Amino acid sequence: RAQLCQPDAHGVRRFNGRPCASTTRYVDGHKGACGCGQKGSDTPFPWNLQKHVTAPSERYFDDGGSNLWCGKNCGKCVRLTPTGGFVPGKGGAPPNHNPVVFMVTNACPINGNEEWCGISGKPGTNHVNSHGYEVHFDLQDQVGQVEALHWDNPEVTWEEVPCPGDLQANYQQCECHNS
C-alpha cells in the first residue's frame, strides 16, 4: 500500500478523518486563471512563478462552477501536509512531513487533465478523481520550488487556512481581487 489515505464508505480517501488530496507539479508560464499578472497580457507577476502557489482542480477552483477566470476560490490558501503516501509509479515518499501553505492563483481544468483534475463535483459531494481523492492541487514549479521541498507528487491532507501576510499582499495585485 503506497497510498495511505483509505477510502471511506463513499470512496473518498481520508487519513485520520481528514480529507486527502493528490498533488502534481506543473510549469507553463501563463498568467493564470486568477489574473495574477498585468491586465490584458499573458504575463504573470514574478511572485506568481516563484512562490508557493497552486492550480486546484476545476470544481474546487470555482466552488462547484465551471468558470475558469476569477473562480470563486481565487486567493484562498490551503495547508498541505504529506502523509508519506503516493500513487505507485507516479510519485514517491517525501523526506519529511512538514506542512506547506499554498495560495490558489490558477486552475487545473478537467479538459486535458482527466486523471488528476477530472472530479465532477466540489469537495463534500463524494466525487473523486481516478485515484480516489476529492480534490487535486497542481503545484507551480517554474523555479523548482517543488523540487526544493523534495515533493514528488505526495499524497497530502488538506485544509483551507488564512493566507500568510505576504501572500495576501501579493494577491491584492491580481485582477480577480474583489470580483
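Start at 1 with the first residue shown and count on from there.
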{"property": "Between the two ranges 99-107 and 80-88, the one averaging a larger CA B factor in the entry", "result": "80-88"}
{"property": "Residue range whose averaged C-alpha B-factor is higher in the record, 10-18 or 155-163", "result": "10-18"}
{"property": "Highest-ranked of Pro56, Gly132, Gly29, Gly35 once sorted by CA temperature factor in the record", "result": "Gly29"}
{"property": "Third of chain Cα B-factors occupied by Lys122", "result": "middle"}
{"property": "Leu139 by Cα B-factor - lowest, middle or highest third of the modelled chain", "result": "lowest"}
{"property": "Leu149 - which third its CA temperature factor falls in, relative to the rest of the chain", "result": "highest"}
{"property": "Third of the chain's Cα B-factor distribution that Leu68 belongs to, per the entry", "result": "highest"}
